[PDB]
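Note on naming: letters A, B, ... go to the chains in the order of the sequence lines (proteins, then strands), and numbering restarts at 1 for each one. Note that these values count all heavy atoms, side chains included, but never hydrogens, waters or copies made by symmetry. All ligand and atom numbering here is 1-based and tracks the order in the structure.
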Amino acid sequence: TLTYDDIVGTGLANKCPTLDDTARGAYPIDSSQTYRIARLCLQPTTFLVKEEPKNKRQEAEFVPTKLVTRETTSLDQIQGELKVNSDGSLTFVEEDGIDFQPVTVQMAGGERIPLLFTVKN
Amino acid sequence: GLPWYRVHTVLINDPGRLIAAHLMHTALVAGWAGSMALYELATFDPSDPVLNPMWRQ
Ligand code: CLA
Ligand code: CLA
Ligand code: CLA
Ligand code: CLA
Ligand code: CLA
Ligand SMILES: CCCCCCCCCCCCCCCC(=O)OC[C@H](COP(=O)(O)OC[C@@H](O)CO)OC(=O)CCCCCCCCCCCCCCC
Ligand SMILES: CCCCCCCS[C@@H]1O[C@H](CO)[C@@H](O)[C@H](O)[C@H]1O
C-alpha cells in the first residue's frame, strides 16, 4: 500500500502495524499443523524506571521518563516457531530479527538511563 | 576634596544621577538574586523532600 517515499522521515517506520477496531475474531489452531510467527513487532510507548530511595523501607515506584534517542526504539521483523503443546498452549520461540534497541531515557533532574530494550532469545 | 565617607553626596543636587545610582543598585540586587538562584540550583539535591529538604542544604 504505502512505499518508502510515503513513509521516509514521518516517524511511521518506528510504528508497528495496527488492526481495525472490528478485528475481534478468532484464529483457529490445528494441532496437526506446525506454525510460525512470520513477523513480531514491538513499539514501546512508555519507559518507566524504578526509583531507588535511600529509605529502603518505603515501597519504591516506577516513574515516567523522557526519551532522548528519538524514534529508534521499536523491535521488528522478529520471527520464530510457534509450537503447539500437549495441553493446547502455544509456545513462541524467538529465532531472529531486529530484537534489540539501545534506548536512553532521562529521569526528572537529568539522570540518563541507557538500556538495551530487547526480547533476545 | 570630599572625604572618602562622603563621595556619594555628589548626588544630593543631581536627581538624574541619583536615579542612575539607584538603577545601578537595583541592577546589582536583581543580579544577586539571579546568581544566588543559579548557584543554589547547581548545588541543590531534589531527590528527597523528606530527609534532605532545602533547609538541610
Ligand atoms: C538606604 C540606605 C542608606 C543610603 C542610601 C545612605 C546614603 C548616604 N549615607 Mg548613610 N547610613 C546607613 C544607610 C544609608 N546611607 C546605615 C544603615 C548606616 C549605619 C551603618 C549609615 C551611616 C552613615 C554615616 C556615618 C555616614 C553616612 C553617609 C551617607 C552619604 C554618603 C555615603 C558615602 O559616600 O559612602 C561611601 C562609602 C564607601 C566609599 C565605602 C563604604 C564601605 C562599607 C563600610 C563596607 C562595604 C559595604 C558593602 C559594599 C555593601 C553591603 C550592602 C548592605 C546593605 C548589606 C549618603 C547620603 C555619610 C554622610 O552623611 O555624608 C555627609 C556619613 O558620614 N551614612
Ligand atoms: C551600589 C553600588 C555603588 C554605586 C551605584 C556607586 C556610584 C557612584 N560612586 Mg561609589 N563606591 C562603592 C559603591 C557604589 N558607588 C563601593 C562599594 C566603594 C568602595 C570601593 C565605592 C567608592 C567610591 C569612590 C572612591 C568614588 C565613588 C564614586 C561614585 C560615583 C561615580 C562612579 C565611581 O567613581 O565609582 C567608584 C567605585 C567603584 C568602581 C566600585 C568598586 C568596585 C568594587 C571593588 C566591587 C568589584 C566588583 C567585582 C565584579 C566583584 C569582585 C568579586 C570577588 C569575589 C573577586 C557614583 C555616584 C566617585 C565619586 O563621584 O566621588 C565624588 C568616587 O570618587 N564610589
Ligand atoms: C507615573 C509616574 C511615575 C511612575 C510610574 C514612577 C515609578 C517609579 N519611580 Mg518615581 N517619580 C515621578 C513619577 C513616577 N515614578 C516623578 C514625576 C518624579 C520627579 C521627577 C519621580 C522621582 C523618582 C526618583 C528620584 C526615583 C523614582 C524611582 C521610581 C521607581 C522605583 C521602583 C523601582 O525602581 O522598581 C524596580 C523597577 C522595575 C521593576 C522596572 C519597572 C519598569 C519601568 C517602569 C519601565 C521603564 C520604561 C519607562 C517608559 C521609563 C521610566 C518611566 C518613569 C516614569 C518611572 C519606579 C519605577 C526610583 C528609581 O528609578 O530607582 C531605580 C528613584 O530613584 N522616582
Ligand atoms: C532593604 C534592603 C537593602 C538596603 C536598605 C540597602 C542599602 C544600601 N546598599 Mg544594598 N544590597 C541589598 C539590600 C539593601 N541594601 C541586597 C539584597 C544586595 C545583594 C547582596 C545588596 C548589594 C549592595 C552592594 C554591592 C552595595 C550596596 C550598597 C548600599 C548602600 C548604598 C548607599 C550608600 O552610599 O551607603 C554608604 C555605606 C554605608 C552606609 C555602609 C553600609 C553598612 C552595612 C549595612 C554593613 C556592612 C557590614 C560590614 C562592615 C562590611 C561587610 C563585610 C565585608 C567582608 C563584605 C546602602 C547602605 C553600596 C554601598 O554600600 O556603597 C558604599 C554597595 O556597593 N548594596
Ligand atoms: C519585576 C517584578 C518582580 C517579580 C515578580 C519578582 C519575583 C520574585 N523575586 Mg525579585 N527583584 C525585583 C523584581 C521582581 N521580583 C527587583 C526590581 C529587584 C532588585 C531590588 C529584585 C530582587 C530580589 C531579591 C534579592 C530576591 C528576589 C526574590 C523574588 C521571589 C520572592 C519574592 C519575595 O519574597 O518578595 C518579598 C517582598 C516583600 C515582602 C515586599 C516588601 C514590601 C515593603 C514592606 C513595602 C514598604 C513600603 C511601602 C510603600 C509601604 C506602604 C504600603 C501601602 C500598600 C500601605 C520572587 C520569585 C527572592 C528570590 O527568591 O531570589 C531568587 C529574593 O531573595 N528579588
Ligand atoms: C562587597 C564589596 C566591598 C567593598 C570594599 C569596601 C572598602 C572600604 C573600606 C573602608 C575602610 C575605612 C578606613 C578609613 C580610615 C580613615 O580614613 O580614618 C581617618 C578619617 C579622617 O577623616 P577626615 O574627616 O580627617 O578627612 C580626611 C580625608 O582625607 C579622608 O578621606 O576618619 C574616618 O574615616 C572615620 C573612621 C575611623 C576609623 C579609624 C579606626 C582606626 C583605628 C585603628 C584600628 C586598629 C587598632 C585596634 C587595636 C585594638
Ligand atoms: C539562565 C538559566 C539557564 C540554565 C538552565 C539549566 C538547565 S536546568 C537544570 O538541569 C539539570 C540537569 O537536568 C538539573 O540537575 C538541575 O536541577 C536544573 O536546574
Engineer: Could you tell me whether atom 29 (O) of ligand 6 has a protein heavy atom closer than 4.0 Å?
Structural biologist: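 Not a single protein heavy atom is under 4.0 Å away.
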Engineer: Looking at every non-hydrogen atom in both residues, tell me the closest pair between A/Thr65 and A/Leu48 and how far apart they are.
Structural biologist: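 Nearest pair, atom of A/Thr65 first, then A/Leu48: OG1-N, 4.5 Å.
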Engineer: Looking just at side-chain N and O atoms, do B/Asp45 and B/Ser47 make a donor-acceptor pair shorter than 3.5 Å?
Structural biologist: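 Their side chains do contain a donor-acceptor pair, which is all the 3.5 Å distance test asks for.
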Engineer: Are there protein heavy-atom neighbours of atom 62 (C) of ligand 2 below 4.0 Å?
Structural biologist: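 Yes, at least one protein heavy atom sits under 4.0 Å from atom 62 (C) of ligand 2.
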Engineer: Within the distance-only criterion (no hydrogens, no angle test), does the side chain of A/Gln43 pair as donor or acceptor with the backbone N or O of A/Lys15 below 3.5 angstrom?
Structural biologist: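 The answer is no, because no donor-acceptor pair under 3.5 Å joins these two groups.
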Engineer: Check ligand 2 against B/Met24 and write out every atom of the ligand that is under 4.0 Å from a heavy-atom position of the residue.
Structural biologist: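 Per the distance check, 5 (C).
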Engineer: Treating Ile, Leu, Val, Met, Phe, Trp and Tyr as nodes and any side-chain heavy-atom pair under 4.5 angstrom as an edge, say whether A/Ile113 and A/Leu67 lie in one connected cluster.
Structural biologist: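 Hydrophobic grouping puts A/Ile113 with A/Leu67.
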Engineer: With rounding to the nearest 0.5 Å, note down the distance linking CG in A/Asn85 to OG1 in A/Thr91.
Structural biologist: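 Reported value, rounded in 0.5 Å steps: 3.5 Å.
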Engineer: Quick check on atom 14 (C) of ligand 2 - does any protein heavy atom sit closer than 4.0 Å to it?
Structural biologist: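 So atom 14 (C) of ligand 2 has protein heavy-atom neighbours under 4.0 Å.
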Engineer: Side chains of A/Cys41 and A/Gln77, heavy atoms from C-beta outward: is any pair under 4.5 Å?
Structural biologist: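 With C-beta onward as the side chain, the pair stays apart.
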Engineer: Among all protein heavy atoms, pick out the one at the shortest distance from atom 32 (O) of ligand 6; state its residue, atom name and that distance to 0.1 Å.
Structural biologist: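 Among all protein heavy atoms, the one nearest atom 32 (O) of ligand 6 is B/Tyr5 CE2, 4.6 Å.
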Engineer: Do A/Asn14 and A/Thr73 get their side chains close enough for a donor-acceptor pair, meaning under 3.5 Å?
Structural biologist: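 Distance-only check passes for A/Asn14 and A/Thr73.
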Engineer: Is atom 34 (O) of ligand 6 in close reach of the protein, with a heavy atom under 4.0 Å away?
Structural biologist: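 Yes, at least one protein heavy atom sits under 4.0 Å from atom 34 (O) of ligand 6.
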Engineer: Between A/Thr3 and A/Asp5, does any side-chain donor sit less than 3.5 Å from a side-chain acceptor?
Structural biologist: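 No.
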Engineer: Is it possible for you to say whether A/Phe92 and A/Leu90 belong to one hydrophobic cluster, with membership spreading through side-chain heavy-atom contacts below 4.5 Å?
Structural biologist: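 Yes; A/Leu90 is reachable from A/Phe92 via cluster members.
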Engineer: Same hydrophobic cluster for B/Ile19 and B/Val10, using side-chain heavy-atom links shorter than 4.5 Å among ILVMFWY?
Structural biologist: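 No, B/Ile19 and B/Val10 fall in different hydrophobic clusters.
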Engineer: My question is simple, although I want it checked carefully: is atom 14 (C) of ligand 7 less than 4.0 angstrom from any protein heavy atom?
Structural biologist: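 Under 4.0 Å from atom 14 (C) of ligand 7, at least one protein heavy atom found.
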Engineer: If we only look closer than 2.8 Å, how many protein N, O or S atoms does atom 10 (Mg) of ligand 2 have near it?
Structural biologist: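 Those protein atoms number 1 in total.
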Engineer: Which atom names give the shortest non-hydrogen contact between A/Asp30 and A/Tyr35, and what distance separates them?
Structural biologist: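 Residues A/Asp30 and A/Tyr35, closest heavy atoms: N-OH, 2.8 Å.
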Engineer: Any protein heavy-atom neighbour for atom 6 (C) of ligand 2 (distance below 4.0 angstrom)?
Structural biologist: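 Neighbour list for atom 6 (C) of ligand 2 includes protein heavy atoms (cut-off 4.0 Å).
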Engineer: Looking at atom 35 (O) of ligand 2, tell me if a protein heavy atom falls under 4.0 Å from it.
Structural biologist: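 It does not; no protein heavy atom is within 4.0 Å.
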Engineer: Give the residue, atom name and distance (to 0.1 Å) of the protein heavy atom nearest atom 57 (C) of ligand 2.
Structural biologist: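 Protein heavy atom at minimum distance: B/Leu11 CD2, 3.6 Å.
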Engineer: Checking the N or O distance criterion of under 3.5 Å, is ligand 7 in contact with A/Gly109?
Structural biologist: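 Yes, at least one N or O pair falls under 3.5 Å.
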Engineer: Where do A/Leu75 and A/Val119 land on the side chain to side chain contact (heavy atoms under 4.5 Å, CB included) test, with the steps shown first?
Structural biologist: CA-CA 8 Å; A/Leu75 314 184; A/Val119 289; 3.7 Å; yes
Engineer: Going hydrophobic residue to hydrophobic residue with side-chain gaps under 4.5 angstrom, can you get from A/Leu115 over to A/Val68?
Structural biologist: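 As far as the 4.5 Å side-chain criterion goes, A/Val68 and A/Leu115 are not connected within one cluster.
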Engineer: Just need the protein heavy atom nearest to atom 1 (C) of ligand 2, so name the residue and atom and give the distance.
Structural biologist: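 For atom 1 (C) of ligand 2, the nearest protein heavy atom comes out as B/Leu28 CD1, 3.6 Å.
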Engineer: Ignoring hydrogens, tell whether any protein atom lies closer than 4.0 Å to atom 65 (N) of ligand 2; use the non-hydrogen atoms only.
Structural biologist: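 Neighbour list for atom 65 (N) of ligand 2 includes protein heavy atoms (cut-off 4.0 Å).
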Engineer: Without hydrogens or angle criteria, can the side chains of A/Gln79 and A/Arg36 be said to hold a donor-acceptor pair below 3.5 Å?
Structural biologist: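 Yes - a donor-acceptor pair under 3.5 Å links their side chains.
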Engineer: Protein heavy atom under 4.0 angstrom of atom 17 (O) of ligand 6, is there one?
Structural biologist: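 Yes, there is one.
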Engineer: May I ask whether atom 9 (C) of ligand 7 is less than 4.0 Å from at least one protein heavy atom?
Structural biologist: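 No, no protein heavy atom sits under 4.0 Å from atom 9 (C) of ligand 7.
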Engineer: If you count the atoms of ligand 6 from 1 in the order shown, which ones are under 4.0 Å from a heavy atom of B/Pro3?
Structural biologist: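 Selected atoms, number and element: 31 (O).
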Engineer: Looking at side-chain heavy atoms only, is the closest gap between A/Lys54 and B/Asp48 below 4.5 Å?
Structural biologist: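 Of all side-chain heavy-atom pairs linking B/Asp48 with A/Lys54, at least one is under 4.5 Å.
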Engineer: Is any heavy atom of the protein nearer than 4.0 Å to atom 12 (C) of ligand 6?
Structural biologist: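 Within 4.0 Å of atom 12 (C) of ligand 6, protein heavy atoms are found.
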Engineer: Are B/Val7 and B/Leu11 connected into the same hydrophobic cluster when the rule is that any two of I, L, V, M, F, W, Y join if their side-chain heavy atoms are below 4.5 Å apart?
Structural biologist: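 As far as the 4.5 Å side-chain criterion goes, B/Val7 and B/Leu11 are not connected within one cluster.
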Engineer: Who's the nearest protein heavy-atom neighbour of atom 15 (C) of ligand 6, and how far?
Structural biologist: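 Of the protein heavy atoms, B/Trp4 NE1, 4.3 Å lies nearest.
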Engineer: Compare every heavy atom of A/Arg112 with every heavy atom of A/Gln106, then report the nearest pair and how far apart it is.
Structural biologist: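 Taking A/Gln106 first and A/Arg112 second, the nearest heavy atoms are OE1-NE, 3.3 Å.
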Engineer: Which residue and atom name correspond to the protein heavy atom nearest atom 60 (O) of ligand 2, and how close is it?
Structural biologist: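 The answer is B/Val10 CG2, 3.9 Å.
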Engineer: For atom 2 (C) of ligand 7, grab the closest protein heavy atom and report residue, atom and distance to one decimal in Å.
Structural biologist: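 The protein heavy atom lying closest is B/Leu38 CD2, 3.9 Å.
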Engineer: Look at atom 17 (O) of ligand 7 and say which protein heavy atom is nearest, naming residue and atom and giving the distance to 0.1 Å.
Structural biologist: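 Ranking protein heavy atoms by distance from atom 17 (O) of ligand 7, first comes B/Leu41 O, 4.2 Å.
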Engineer: Do any non-hydrogen protein atoms sit less than 4.0 Å from atom 54 (C) of ligand 2?
Structural biologist: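 No, there is none.
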